[PDB]
Each structure stands twice: as structure tokens, then as C-alpha cells.
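FYI, in the entry's author numbering the residues of the sequence shown are 446 to 775. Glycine is no exception: its CB is placed at the ideal position from the N, C-alpha and C atoms.
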Amino acid sequence: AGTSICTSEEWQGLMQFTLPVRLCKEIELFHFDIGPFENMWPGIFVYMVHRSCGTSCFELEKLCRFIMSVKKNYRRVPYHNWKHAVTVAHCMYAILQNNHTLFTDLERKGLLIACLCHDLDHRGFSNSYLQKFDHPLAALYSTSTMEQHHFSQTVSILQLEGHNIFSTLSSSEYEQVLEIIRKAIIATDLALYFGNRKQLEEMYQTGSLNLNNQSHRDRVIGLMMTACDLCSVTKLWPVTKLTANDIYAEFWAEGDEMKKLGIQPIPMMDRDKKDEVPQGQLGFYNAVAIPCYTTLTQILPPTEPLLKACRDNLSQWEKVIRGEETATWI
Ligand SMILES: Oc1ccnc2cc(Cl)ccc12
Ligand code: NI
Ligand code: NI
């Protein structure tokens, strides 16, 4: 109820924060895992905005208020949380650094913010659930239901007193950036990923892909947003495996709610069907993640380590299925 606002203590603290030097080099890398550094997550986002866009891109006060309010409008859910937001934002930063001049300064600042904001106010329920049980949000947003809500939450935060990091933009650039952000957040709807990937694959294979074509650009950005959203599948196996637990904590809790309403959940959301998880991950990697990173690598060659990592993780799930797991902690 309402949009939440960071305290003065919170945003002034972030202003005064400094990143330990050792980390600077690590953050550049695709495989970097933010996990061990919880206190530093907001500062890591600052550092990334500053290195990619410049320290003069945003007024520092408005930026710190914005980031800290963004954090306060993530809910305490097992997966679609503040930690996930920064993880996604970090993947984008690594894509952007490796492909810097392909994207405009407006696209870079827009995309880093869109990633941080792309799951705002997520409740732990999927679009399938909201549409099945006619949540009011599905009345408002007939397709891409939660994504449309996340964009609306983003705009609400920008509109808070002293939070509009985009106010210094020309009126024309302001409309362009909100449109960059809307499209990017919408593209995180995996329902849309399937057609987009198939289109991009066709454009690439026939050689029609042209990055000077706004419709093509929009699509490449969309695939980038898919790759960033799913990037937990591109970490080192222990990291990826641990994250998988949080994803399923969330799925199972939704499954439980379905059962109360007289509907048996899909196996993926059934806590009594945990034996089927490894095969379901295999299916997810084969249907979604592998193709995503495969096509992204063809379009943006420097993103190849995301694909190589994802391939290594598919192999690990295959190992689990063959009974070849070694010891695991969670
Ligand atoms: O198996 C999965 C289903 C839905 N979303 C997922 C997201 C990640 Cl990062 C990994 C596996 C997923
Ligand atoms: Ni989402
Ligand atoms: Ni997400």
C-alpha cells in the first residue's frame, strides 16, 4: 500500500560508501557473484553506474535516494528480491562494458536502471497465478501482468520528491529513456522471450540484422534483458545451485496456494515433486537459457562467457540426473 521511501540515514550512508579496491577488478567479470557482499550491494550499483555512465551522469543525491528507495520496494521474498535486482544489474553492466560503444549513453543509463527496477514490488506469484485467480493486477494488465506493474512501480519511484534522476534530460531524451526502460522491463516477460529469440535468430542467420534499425535494436536489448534476468545460470555451479533453492522456495509456496484453491500445481511448483527438479532444470536450460545465450553470443561476441558458463551448468544438472552429485550445502 503506497510507494515506500528510503530514510535520510539510508541514502546519506550510501553517499559516504566506498568500494574496497580489490572488488573493482572482480565486478568487471561476468561470473562475479555479489552473494558474499550484502552490505555493499547499493554501493556496487553506484560504482557500476559511475564507471559505465560517468560520475556526472546523475546528481549523486537523487541517485542515492533512488537506489535506496528501489531497495525498500523489493519485498522479502525468497527469489524476486533486492539481491536478484542487483545481480541482474551487474550482468547488464558486464554486457555494456564489453560492448560499450554499441550503445548510446541514454541506453546505458536506461538499461542499468531498468535492470535494478525490473522486478519491483514482486509478490512471489507468477503471471500464471495472477491470471488464473483474477488478481486485480491481471484486470489492469491483461498480458505481461507483473512486468507492467514493475514498470509502473519504477515510474512511481522516479516521481518521489527528489528521486527523479532523469530530470536533467532534454524533454525528448526523457521520453526516449522511459521508453527504453518500459520496453526493457516488458521484455523480462519470458512469454515474450520465445518469439523474440526466434526472430533474432532468423535475422542473424539470413544476415538481415541491422543495429541501426530501431526495431532490431529493441529486440537485441530484449534478448539482453533475458540473458541478465536468467544470469544465475551463468555463475559457478555452487552459486547457481544455491540460487535454484531460492527460486523453488518461491515456486513451491505458489504451488501450496493453488492447492488451497482446488487446483493441483504444475510439477515445477509442487513441493511433493522435488525428485523432478533436475529434469525440469534440464528442460529449462534446453528450452530457454541455452538458446538465449547462444543467440546473444552470435549477436554480441564478447558475451560468450555467459554461454560457456551456462553450458557448464547444464552439464552439472545432467550429472545430478545420472546420480553423480557430490556434496552440497544450502
Ligand atoms: O528453471 C527455472 C524456471 C524459471 N525460472 C528460472 C530462473 C533461473 Cl535464474 C533458473 C532456472 C529457472
Ligand atoms: Ni520478472
Ligand atoms: Ni527477474
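**Report entry** Chain-order list of residues whose beta-carbon lies under 7 Å from that of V765 (same chain, five-residue window excluded)
**Finding:** So the qualifying residues of the chain are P723.
Query raised in the report: Which same chain residues, not among the five before or five after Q576, have their C-beta less than 7 Å away from its C-beta?
Result: Once the five neighbours on either side are set aside, the close Cβ partners of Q576 are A583, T590.
Query - Where the alpha helix (DSSP H) through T532 begins and ends - result: DSSP places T532 inside the alpha helix (DSSP H), whose first and last residues are 527-543.
Query - Backbone CA spacing between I666 and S653 [nearest angstrom] - result: Cα to Cα, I666 sits roughly 17 Å from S653.
**Report entry** Any residue whose CB is nearer than 5 Å to a heavy atom belonging to ligand 2, listed in chain order
**Finding:** Checking every Cβ against the heavy atoms of ligand 2 under 5 Å gives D564, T633.
Query - C-alpha gap between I708 and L565, whole angstroms - result: Going from the Cα of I708 to the Cα of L565 covers about 28 Å.
**Report entry** Span separating the alpha-carbon of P736 from that of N641
**Finding:** Roughly 11 Å between the two C-alpha positions.
Report task. Could you tell me if the beta carbon of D757 falls within a distance shorter than 7 Å of some heavy atom in ligand 3? Result -> For ligand 3, not one heavy atom lies less than 7 Å from the Cβ of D757.
**Report entry** Proximity to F578 [Cα-Cα], best of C562, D634, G700, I540
**Finding:** In terms of Cα proximity to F578, the closest of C562, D634, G700, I540 is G700.
Query raised in the report: When we look at the beta-carbon of residue 432 and count the other beta-carbons within 10 Å, is it buried (16 or more) or exposed?
Result: The question about residue 432 has no answer here: the residues shown for the chain are numbered 446 through 775.
Query raised in the report: Relative to the C-alpha of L605, which residue among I472, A632, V494, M513 is closest?
Result: For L605, the closest alpha carbon among the candidates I472, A632, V494, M513 is that of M513.
Query raised in the report: Is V531 near ligand 3, with its Cβ less than 7 Å from a heavy atom?
Result: No, since every heavy atom of ligand 3 falls outside the 7 Å radius drawn around the Cβ of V531.
Report task. Give the secondary structure of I735 by DSSP, where H, G and I count as helix, E and B as strand, and everything else as coil. Result -> Here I735 sits in helix by DSSP.
Query raised in the report: Got a sec: does ligand 1 put a non-hydrogen atom nearer than 7 Å to the Cβ of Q724?
Result: No; taking the cut-off as 7 Å, the Cβ of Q724 has no heavy atom of ligand 1 nearer than that.
Query raised in the report: Can you tell me where the alpha helix (DSSP H) with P750 in it begins and where it stops?
Result: Going by DSSP, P750 is part of the alpha helix (DSSP H) stretching over 749-766.
Query - Delimiting residues of the alpha helix (DSSP H) encompassing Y649 - result: Where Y649 is concerned, the enclosing alpha helix (DSSP H) stretches over 635-650.
Query raised in the report: Would a C-beta distance cut-off of 8 Å place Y524 and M493 closer than the cut-off?
Result: Cβ distance not < 8 Å, so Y524 and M493 don't count as in contact.
Report task. Tell me whether the beta-carbon of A559 lies closer than 8 Å to the beta-carbon of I625. Result -> In this structure, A559 places its C-beta atom within 8 Å of the C-beta atom of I625.
Query raised in the report: How long is the line joining the alpha carbons of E620 and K719, rounded to whole angstroms?
Result: Rounded to whole angstroms, the separation of the alpha carbons of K719 and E620 is 46 Å.
**Report entry** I735 Cβ short of 7 Å to ligand 1 heavy atom set
**Finding:** For ligand 1, not one heavy atom lies less than 7 Å from the Cβ of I735.
**Report entry** Per-residue burial, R767 [other beta carbons within 10 Å of its own, 16 or more giving buried]
**Finding:** The residue in question, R767, is exposed, as its Cβ has fewer than 16 Cβ neighbours within 10 Å.
Query raised in the report: Heavy atom of ligand 3 less than 7 Å from the Cβ of residue 396, yes or no?
Result: Here the chain has residues from 446 to 775 only, and residue 396 is not among them.
Report task. Please check the pair residue 776 and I479, which I expect to be a contact at CB under 8 Å, by giving their CB distance rounded to whole angstroms. Result -> What the structure shows of the chain is the stretch from 446 to 775, and residue 776 is not part of that stretch, so it cannot be assessed.
Requested in this report: Tell me, please, whether the region 660-680 touches the region 628-638 by the rule of three or more beta-carbon pairs shorter than 8 Å.
Outcome: Touching, per the Cβ criterion.
**Report entry** Spatial distance of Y638 from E702 (CA atoms)
**Finding:** Cα to Cα, the separation comes out at about 27 Å.
Report task. Answer yes or no: the CB of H525 versus the heavy atoms of ligand 3, is any distance below 7 Å? Result -> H525 Cβ: within cutoff of ligand 3.
Requested in this report: Report the three-state DSSP secondary structure of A446 (helix, strand or coil).
Outcome: Annotated three-state conformation of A446 is coil, per DSSP.
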